[PDB]
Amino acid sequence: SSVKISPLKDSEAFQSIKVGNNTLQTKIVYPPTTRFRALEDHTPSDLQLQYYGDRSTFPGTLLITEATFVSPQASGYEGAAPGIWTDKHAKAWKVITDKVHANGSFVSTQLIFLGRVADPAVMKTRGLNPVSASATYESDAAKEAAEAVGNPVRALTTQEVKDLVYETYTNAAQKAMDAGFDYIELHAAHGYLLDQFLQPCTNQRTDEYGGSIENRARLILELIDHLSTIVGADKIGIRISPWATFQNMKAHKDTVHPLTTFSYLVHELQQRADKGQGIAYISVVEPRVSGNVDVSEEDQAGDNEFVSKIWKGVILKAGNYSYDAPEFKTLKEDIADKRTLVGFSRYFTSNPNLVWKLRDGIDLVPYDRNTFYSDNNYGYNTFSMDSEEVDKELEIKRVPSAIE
């Protein structure tokens, strides 16, 4: 059903805010949203160019790209997700960032590394194993699938971890700059690689990268520090989902509670800020959502207040913010401190002009879960067309093609 909403025009959501070196004119953000409309070699597509373009029209909006692979070893989806490790990737992304910039808006690329959840068959075709902090699986079924194709998950060696910092993420960061991205965002959420390092259920290492809270965080902070020297701290963000149980993270049931793990990390980030190396923003997933799954209040084991108490900089929050529409009471409380951005993922898929809709209180078009992850233009760029001009069968046939 369509969502009735009150206008946010006169609210804090339309007061400017400096994020790193850029100033946003709205605090409404499009968070990273995997859609699988890249090309098969992971170069961004014609569809993506229009998709991000359509969402940049309120000048000074921040868009954050869908999860984007830092390297071949970082991949592992069956669907076609984009990458940022070759010149070809960067050149195509640049067409997209150019287009977003021409509307006066900004773009962060979220750098992902799948880790233990990488599809073992997909990785095998690259001649690679699924890798992680430790040799674990998100489920018995995951274990069986990998062993069935003779491609079991394996713990990265200490040298391989070093290579992530000085090769994989370094090159990705450089390509991202070539591609004209305003920020790079470390994906440390939702049970992917960096989250796997952070929490004890997924990291039982006995080298310097595991065995204590501090050691588990070491890789992430090494990435922060090293990439800060490469691109500048002002071009860096990071996403965490302290409460999420997506991809079998134990969260509040782990042997170390998320409040401990993530307060450690956030306080280390603030100490860097106190030294003049403060990153641009911390992105946090509100406990209403775990990955792409809504969570009942009964199952919510905590909140993200600690992030606001410990970190003094910009925070981006996302997770079913329309749950108290039309009045947006929570959203309004959350942005009242004047350093908080609010993200809408799902509704941005069906409302390319979402910032405008929220500004003037225009009914939201419902989203279509059925077409979140399909391989063609239907349910993708079709939301920018008038309903009656859409040729469904043609659009289902429209797969991603090269930009121009």
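The first residue of the sequence shown is number 1, and the count goes up from there.
Novice: Check the entry's C-alpha temperature factors for 84-92 and 290-298, then say which stretch has the higher mean.
Specialist: It is 290-298 that shows the higher mean C-alpha B-factor.
Novice: State which stretch shows the higher mean Cα B factor in the entry: 148-156 or 280-288.
Specialist: Looking at the recorded C-alpha B-factors, 148-156 comes out higher on average.
Novice: From the list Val165, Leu128, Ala133, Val256, select the residue with the highest C-alpha B factor recorded in the entry.
Specialist: Top of the list by C-alpha B-factor: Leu128.
Novice: Quick one: which of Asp225, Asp195, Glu268, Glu138 has the biggest Cα B-factor according to the entry?
Specialist: Max CA B-factor in the entry, restricted to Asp225, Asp195, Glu268, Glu138: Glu138.
Novice: Which third of the chain holds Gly76 when residues are ordered by C-alpha B factor: lowest, middle or highest?
Specialist: Its C-alpha B-factor, which the entry lists for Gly76, ranks in the lowest third among residues of this chain.
Novice: Divide the modelled residues of the chain into thirds by Cα B-factor and specify which third, lowest, middle or highest, holds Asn304.
Specialist: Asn304: CA B-factor falls in the middle third of its chain.
Novice: Once the chain's modelled residues are ordered by C-alpha B factor and cut into thirds, is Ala325 in the lowest, middle or highest one?
Specialist: Its C-alpha B-factor, which the entry lists for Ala325, ranks in the highest third among residues of this chain.
Novice: Could you place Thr382 in the lowest, middle or highest third of its chain by Cα temperature factor, using the values in the record?
Specialist: It falls in the top third of the chain.
Novice: Should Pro120 be placed in the lowest, middle or highest third of its chain by the C-alpha B factor in the entry?
Specialist: Top third by C-alpha B-factor.
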